[PDB]
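Heads up, what comes next is one protein chain in two forms, each shown on its own as structure tokens, labelled structure 1 and structure 2.
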Structure 1
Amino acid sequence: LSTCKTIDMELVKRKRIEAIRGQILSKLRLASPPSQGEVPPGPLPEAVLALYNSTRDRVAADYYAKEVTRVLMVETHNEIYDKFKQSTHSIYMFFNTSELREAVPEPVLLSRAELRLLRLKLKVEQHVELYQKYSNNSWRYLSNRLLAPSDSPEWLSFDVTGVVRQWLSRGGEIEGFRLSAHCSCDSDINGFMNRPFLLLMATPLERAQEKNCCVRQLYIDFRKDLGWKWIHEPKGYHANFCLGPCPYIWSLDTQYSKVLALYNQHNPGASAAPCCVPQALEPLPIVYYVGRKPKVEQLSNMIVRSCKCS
């Protein structure tokens, strides 16, 4: 009664060819491949190839629990007002770094840090942006938000993970952000008591430390694997596939520590029936002839870059 040893990819690869042919046909709303012989042979025209290259070319753990803790903004009465008081267009939220490091003892542990504000202004639309206290004088831009009006107070969430980690590792005694109104070259909240705070989330210091589902390589050439001439560009693409059966692990109250890590790679989602499925995909642009004019089209979610159990 021995466990199954190997998996024959020589069958699964062809079974993937069978399905990906159908996916190519379906994505273009084609019942059968078009006739290639009628269009005279020749290169794709230069402008069409430039368009195809424009679409082709590039441009521009989380499983384990995270202890949550929060650090409240310093009182506006003593550190903040004396040099960075509230103005018509800006506010300044300063935080004590000593207690910030008390909340998270090591910078490597911090996973997420959400600066949170509560807004009292209800109906007037406004564009506001968030800057870091970068030095004794300077500021650096983090992000901005468009405040869609609403009739009730609401909580804002600003992701400040990198700034907070930099603060833990290099920060001084007092630091903070500026949140100020957007303005151009040609041209509110509680505390400015539910005052703004940093909801840190970090791994606890006491907790810092061919079978399984994986993406498996497959390259498809339209000319020989699918026997297609009607598709002119690209010649082929990597339609890599997911394999590796995810077994359901029957849980139990008392579990050995090295076995508690088996869930994160066989059933992260606590599904009743896990299966190895694609997690991340990206499109495939193509050029082909229907009628007598080339067509540049983008087919979405074709390549496989990652696989996950359920």
Structure 2
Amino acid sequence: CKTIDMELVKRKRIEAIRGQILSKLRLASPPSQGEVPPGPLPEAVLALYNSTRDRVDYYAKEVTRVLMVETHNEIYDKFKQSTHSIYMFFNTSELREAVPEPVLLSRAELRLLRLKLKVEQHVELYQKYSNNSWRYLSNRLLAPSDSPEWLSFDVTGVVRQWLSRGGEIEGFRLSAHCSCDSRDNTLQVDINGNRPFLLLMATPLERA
């Protein structure tokens, strides 16, 4: 039968939420707002929060986004955006400035902005090796849509290896899926080949 009170459960949930927020942040006390800037939030932090809110352990993981190296950089002269593949290279020095130690990384997310698809497209993600080789990472069957969508790839192990065993420039190739019948081309359109980035959630060094 009905024997529970709404208000007591609500207030207990509120207090448990307070404890959960203070504990997941490993916060003994709420942060004092004495030394806050006297103005609104910067654009980079707002964009990071928007990307975290976007639709694609226990403690809080610090979130940092690292944009890919711009397509005008020398690195893409060797790897040109062919009809059947696009290349996305990242400066791993920026990744280490974001995540100082490989063990701290909790999840890494390669984020793409697909513009439009009249037909469904099967695409596949590879990572780059030093000897110009590519190892398979994933496969996604993009359904057609009339609106740009944010694509997500789980590359946690790849970025962890890059933080540990990676060079200055390390990247991915997104290519149209090929079979043993014939060859295909990449009909999906992403901005700048904004541009795709890496959303890294890692344990903060202060709470490591």
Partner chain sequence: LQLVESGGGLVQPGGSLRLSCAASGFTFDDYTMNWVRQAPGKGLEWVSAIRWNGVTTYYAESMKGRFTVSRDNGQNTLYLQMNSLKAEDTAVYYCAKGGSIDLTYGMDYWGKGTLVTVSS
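In this text, the rigid core denotes the largest set of C-alpha atoms whose superposition between the two forms falls within 1.5 Å. Residue 1 is the first residue of structure 1, and the numbers go on in sequence order from there. Shifts are known only where both forms have a C-alpha.
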Which number, 1 or 2, marks the form solved in complex with the partner chain?
-> 2
Core-aligned, does residue 154 move its Cα 2 Å or more between the two structures?
-> no
Superposing on the rigid core, is the CA of residue 80 displaced by 2 Å or more between the two structures?
-> yes
Core-aligned, is the CA shift for residue 28 between the two structures 2 angstroms or more?
-> yes
Residue 121: how big is its Cα shift between the two structures, in Å, with the core superposed?
-> 2.5
When only the core is superposed, residue 39 shows a C-alpha shift between the two structures in angstrom of 80.4
Displacement runs between the two structures, C-alpha, 2 Å or more, three or more consecutive residues, core aligned = 4-59, 79-81, 134-136, 188-191
